[PDB]
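Next comes just one chain, in structure tokens: the form deposited in one PDB entry.
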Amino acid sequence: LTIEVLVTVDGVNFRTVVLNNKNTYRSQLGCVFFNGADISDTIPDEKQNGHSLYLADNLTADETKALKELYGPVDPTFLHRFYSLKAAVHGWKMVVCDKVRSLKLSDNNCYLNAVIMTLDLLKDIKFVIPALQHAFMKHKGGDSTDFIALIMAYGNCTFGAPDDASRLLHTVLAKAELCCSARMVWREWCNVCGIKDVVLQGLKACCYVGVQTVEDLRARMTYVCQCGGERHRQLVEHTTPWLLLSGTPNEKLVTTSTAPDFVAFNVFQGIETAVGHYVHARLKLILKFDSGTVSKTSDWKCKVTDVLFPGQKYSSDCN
């Protein structure tokens, strides 16, 4: 007739909930997951008596508070989406080629392969949000389900749907921090207004959207000041463990008979106004990681998006 279940949102704090077999779980309690499966629209049975359930909505005050500490400030639909994505992507697999892990193509997840494989190369990074860092450590251990589902949830991605790698990558990196020092200083100057330095530190100093080469990043810009006069800007200091430059897909020929400086890059195949395909690549020859498919080429005609450079140690006298 009646059962009792343990309800949690963190797997550490549990509360007893009394239920009958008259109405559905959703009707009596809310959206609930049982061993990963959403059973909200089912009738409670004796087989689930005493078992633990993960609640996704209609949270108590205590559960809501613990939720915010565990996942950060998230929308009311986040928990459900995360739990749902976790169930959806359980069947996804990693391909391991010479110890290198790459997400196998499935349900339009190639953009995720590019994001994850790029993240795997970024040293000294960590996440402030406990659940994200926990899932991150699990990912580096060989179990990536939590991490994949989490970043999909934070990135508002939908299972099966195509998406943007760069967008997700920078969204994820915006939630991370560096375990070491990094510094980026822009110098702006104008004859009337004066000299102004713009300082960035930590992870923020290791990422830039709008440029894809070190040369273009260090180039001097010239524009109009607020006062209406000639204003300039130039990078005068850059000290990082690594450098991630991201921009629109631009076509070029990448060759190793030139000895490039960058370590890795992502590529968008197809036209930009339709559904395309992402491929991750590293230089060790160009090692191409096409969602589990690995190959090597000397050169490659491709549309590069994100580019990963080694540690920066740069200063300019600016003159």
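Rigid core: the largest C-alpha set superposing within 1.5 Å between the two forms. Numbering starts at 1 and follows the sequence shown.
Omitted here: the form deposited in another entry. The next part is about that form.
The residue that stands out in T248, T77, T222, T158 is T222, the single one whose Cα moves by 2 angstroms or more between this form and the one not shown on a rigid core fit. Superposition of the core reveals a Cα shift of less than 2 Å for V128 between this form and the one not shown. For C190, a C-alpha deviation of 2 angstroms or more is recorded between this form and the one not shown after rigid-core alignment. Put the two forms on the same core and the Cα of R231 is off by 2 Å or more between this form and the one not shown.
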